[PDB]
Participant: 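Starting off with a structure, shown below.
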Amino acid sequence: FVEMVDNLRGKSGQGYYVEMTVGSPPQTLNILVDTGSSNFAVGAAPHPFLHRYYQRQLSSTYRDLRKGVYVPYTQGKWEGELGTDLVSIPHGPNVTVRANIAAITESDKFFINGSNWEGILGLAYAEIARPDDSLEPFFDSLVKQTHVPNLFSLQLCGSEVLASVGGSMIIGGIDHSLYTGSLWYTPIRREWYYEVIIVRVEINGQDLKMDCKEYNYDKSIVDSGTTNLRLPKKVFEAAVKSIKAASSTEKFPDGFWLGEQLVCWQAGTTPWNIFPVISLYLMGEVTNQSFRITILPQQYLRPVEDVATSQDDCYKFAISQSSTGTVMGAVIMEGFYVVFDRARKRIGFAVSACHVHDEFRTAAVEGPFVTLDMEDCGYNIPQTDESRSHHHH
Ligand SMILES: C[C@@]12CCCO[C@H]1[C@]1(COC(N)=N1)c1cc(-c3cccnc3F)ccc1O2
Ligand code: NI
């Protein structure tokens, strides 16, 4: 899959994007790769943060679906007009497909100044698509219209400008050059988000000793569209307490632990060893088994070059509190080659050939761990009448 290696780019903290073409003749656009959403949506009107947008009028193959879409979320919203057109990935499979495209006509706090992307490729399942699950997501269309296997994999590699990032999205397979050691699989619990189950959390070898349902309250997901490792409130508090304790020789402001303030050391003197490793044990394919993925401070402390002190190495704490469950974001994913094996309803992890580490410690994927009479660690989200009233024909 040499053609697909190194096809992702971006700016630190602002998402990874892949080059895509839309329409006939092909219009090139940079598209955010988001395993936490399910719409293909592209800027389709002028915006201050867009250098370019999808021009429906220039495409002979564009078809209007005569239906709008409105997508509010926590920070803001995007909206626009649904249609279809021909889509390809120049540094992807040698195929062209007709996909749904949401042409974004108005948005608030969606595009990011300087991120260099103009659209989003939602790689999650139909269940969370907008306006509803009958709007076929891009990957579903790709699989149905071509002979591309139902699997993709992601290798995310982590003074005036933000640091550039790179990576690979391999569509249709697994590229063995992108990982080392064993590839371990955890079940996709349900096909909506890429939902998984965490059965144990350790911070420098020490068990947090919480009821494991707390780790997955109210879900745990693998999400390329979130920068941070996000943890449920109770888990976040317990983790921060443990990381604080391990690093106690350094007294950081409260701002740092809230992710609102950088901490610096003189260039190349960062005391990595005072910061603990974090292990998440994921449910194995075998009932009573688990495997652990272990990340370093190199993953959870994000580099940000401060203009005022460009001679310092400065870091943001990239673990944050959630009210919507665990989010294994770029912080987690940058340690690993991550295989989204939709065909077999499972997610694979292996140590990334590009992960950042030091001479003492490495990101690791290790197993099996077996537990006698393993409890159910999954949480069942309370069913609303709204959700229950939906017919799924
Ligand atoms: C797609 C949605 C709209 C619908 C709700 O979800 C949104 C979200 C948030 O989490 C995920 N996974 N996608 C999302 C993330 C980023 C982003 C911002 C910074 C870095 N990386 C990014 F993906 C930008 C836009 C955006 O919009
Ligand atoms: Ni009905």
Side-chain angles (χ1 to χ4, degrees), residues 8-18 29-43 47 49-50 69-80 100-135 137-139 154 156-158 162-167 169 192-196 219-231 259 302 304 316 318 320-334 338 340 347 386-393:
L8 299 184
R9 291 285 180 275
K11 285 293 174 179
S12 186
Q14 303 191 329
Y16 290 79
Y17 61 79
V18 71
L29 288 166
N30 285 337
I31 306 292
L32 176 94
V33 170
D34 188 9
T35 64
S37 70
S38 301
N39 282 79
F40 183 41
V42 303
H47 190 274
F49 306 159
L50 300 177
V69 56
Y70 167 75
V71 185
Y73 48 85
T74 307
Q75 296 73 23
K77 77 98 205 296
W78 69 259
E79 71 184 66
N100 294 309
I101 305 168
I104 303 170
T105 56
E106 290 282 331
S107 64
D108 293 284
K109 294 164 266 291
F110 176 74
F111 300 112
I112 298 167
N113 200 157
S115 73
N116 210 41
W117 54 262
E118 297 100 19
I120 297 198
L121 183 71
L123 290 173
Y125 300 94
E127 182 161 0
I128 59 166
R130 292 296 163 88
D132 60 57
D133 67 0
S134 75
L135 195 79
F138 173 84
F139 207 83
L154 289 172
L156 308 183
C157 308
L162 293 166
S164 277
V165 295
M169 174 174 64
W192 60 320
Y193 298 94
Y194 290 99
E195 187 188 356
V196 298
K219 57 180 182 296
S220 296
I221 68 167
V222 182
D223 185 16
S224 69
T226 294
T227 299
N228 285 2
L229 169 62
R230 308 187 62 218
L231 298 166
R302 308 295 295 244
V304 188
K316 180 184 172 304
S320 63
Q321 180 180 145
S322 175
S323 66
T324 58
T326 297
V327 187
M328 292 163 51
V331 166
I332 291 286
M333 289 180 76
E334 286 170 8
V338 183
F340 295 78
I347 301 172
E386 279 250 316
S387 156
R388 180 170 53 255
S389 67
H390 296 334
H391 292 201
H392 310 277
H393 298 296

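In this chain, numbering begins with 1 at the start of the sequence shown. These numbers come from the heavy atoms of this one structure, side chains and all, not from hydrogens, waters or symmetry mates. All ligand and atom numbering here is 1-based and tracks the order in the structure.
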Participant: Go through the steps to decide whether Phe139 and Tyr125 satisfy the test ring-ring contact (aromatic ring centres under 6.0 Å, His included), and finish with yes or no.
Facilitator: CA-CA 9 Å; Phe139 207 83; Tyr125 300 94; 9.5 Å; no
Participant: Contact between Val196 and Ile347 at the side-chain level, heavy atoms closer than 4.5 Å - yes or no?
Facilitator: yes
Participant: Do the ring planes of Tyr73 and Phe110 sit parallel (below 30°), tilted (30 to 60°) or perpendicular (above 60°)?
Facilitator: tilted
Participant: Would you list the pairs meeting side-chain hydrogen bond (donor to acceptor under 3.5 Å, both in side chains) in which at least one residue belongs to residues 101-112, sequence neighbours left out?
Facilitator: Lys77-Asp108
Participant: Tell me which pairs pass salt bridge (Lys or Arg N to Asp or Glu O under 4.0 Å) where either residue lies in residues 112-132, with sequence neighbours left out.
Facilitator: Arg52-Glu118, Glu127-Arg190
Participant: Within the structure provided, determine whether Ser220 and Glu195 are in side-chain contact (heavy-atom separation under 4.5 Å).
Facilitator: no
Participant: Strictly under 2.8 Å, how many protein N, O or S atoms lie near the Ni ion (ligand 2)? Waters don't count.
Facilitator: 2
Participant: Show the nearest heavy-atom pair for residues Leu154 and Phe340, with the distance to one decimal.
Facilitator: CD1-CE1, 3.7 Å
Participant: Answer yes or no: is there a side-chain heavy-atom contact under 4.5 Å between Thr326 and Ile221?
Facilitator: no
Participant: Write down the atom of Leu8, the atom of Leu156, and the distance for their closest heavy-atom approach.
Facilitator: CD1-CD2, 3.7 Å
Participant: Using a 3.5 Å cut-off on N/O to N/O, what pairs does ligand 1 make with the protein? A line per pair would be great.
Facilitator:
{"unit_1": "ligand 1", "atom_1": "10 (O)", "unit_2": "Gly225", "atom_2": "O", "d": "3.4"}
{"unit_1": "ligand 1", "atom_1": "12 (N)", "unit_2": "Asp34", "atom_2": "OD1", "d": "2.7"}
{"unit_1": "ligand 1", "atom_1": "12 (N)", "unit_2": "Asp34", "atom_2": "OD2", "d": "3.4"}
{"unit_1": "ligand 1", "atom_1": "12 (N)", "unit_2": "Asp223", "atom_2": "OD1", "d": "2.8"}
{"unit_1": "ligand 1", "atom_1": "12 (N)", "unit_2": "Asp223", "atom_2": "OD2", "d": "2.8"}
{"unit_1": "ligand 1", "atom_1": "13 (N)", "unit_2": "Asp34", "atom_2": "OD2", "d": "2.7"}

